[PDB]
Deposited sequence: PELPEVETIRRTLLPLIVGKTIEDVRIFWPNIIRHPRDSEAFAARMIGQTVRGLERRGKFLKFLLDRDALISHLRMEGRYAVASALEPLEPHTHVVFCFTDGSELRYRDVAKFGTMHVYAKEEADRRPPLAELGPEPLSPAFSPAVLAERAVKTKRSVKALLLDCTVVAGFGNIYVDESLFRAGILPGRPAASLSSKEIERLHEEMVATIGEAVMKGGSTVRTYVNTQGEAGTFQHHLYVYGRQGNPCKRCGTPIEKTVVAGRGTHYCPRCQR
């Protein structure tokens, strides 16, 4: 899931678990548990805690309990559902939190790429995987000034800058390409080559793009006509990822 989807999950999952008390935690693929390393410790510490909240940080979900925070990354295929303890589990269910009311929070992940870290709440933000995460794209903390300051300090591409989680939190490939298109900037441009007016336009489109999705011009459209100028959208490789852009609209 991308940031906007994770936010949707955060928003809808919360009412379904808030105020529920954990009675058991069952783990069927321990490698998903990253901290504590020992999955039995992970399971033992959660038992008895009540769910008090659910926040999002980039693409990470942060379940807030009484004493601990559970940091969860879905990666590709991770998904959460709330259902009855009386019904059979669906396939690829790897972690289940059982509540005292007979309902369960189930984690499914065909890829088994997702991760879970538990820490005392007060230290979750200074530990992996949250420790170095950049500001929320939709928050005041992520401003043109902040982007500009990171821009003029690096030699790498503007796309690579935007994909850097330390620069801005959870800005996916899709939204990087779309935002660059809307800002009229080639993904291959050196971040330092961007003008004050460009970084400002980029910031504005970043916020608008992710903001609209939370509440496609180029991504996956290669071969197809640009929606603004009719030029065939191109796809190459930039900073490891597939990169989509209009050779005419973007400079």
query: Ranges missing from the model, given as deposited sequence positions; finding: 216-237
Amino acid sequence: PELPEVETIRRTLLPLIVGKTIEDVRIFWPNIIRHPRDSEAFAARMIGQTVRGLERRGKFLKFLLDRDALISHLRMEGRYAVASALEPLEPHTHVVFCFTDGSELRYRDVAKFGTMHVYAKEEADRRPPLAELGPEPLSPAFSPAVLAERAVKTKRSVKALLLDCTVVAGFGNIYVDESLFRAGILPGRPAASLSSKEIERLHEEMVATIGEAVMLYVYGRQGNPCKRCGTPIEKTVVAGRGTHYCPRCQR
From here on, numbers count along this sequence of modelled residues.
| property | result |
| --- | --- |
| Of 52-60 and 195-203, the stretch whose C-alpha atoms average the higher B-factor in the entry | 195-203 |
| Of 43-51 and 182-190, the stretch whose C-alpha atoms average the higher B-factor in the entry | 182-190 |
| Out of 117, 92, 106, 155, residue topping the C-alpha B-factor column of the entry | 155 |
| Largest Cα B-factor, entry values, listed residues 82, 86, 146, 176 | 146 |
| Within-chain third of residue 125 by Cα B-factor, per the entry | middle |
| Third assignment of residue 134 from its chain's C-alpha B-factors | highest |
| Chain-wide C-alpha B factor ranking for residue 38, given as lowest, middle or highest third | middle |
| Lowest, middle or highest third - CA B-factor, residue 19 | lowest |
| Modelled-residue ranking by C-alpha temperature factor, third containing residue 171 | middle |
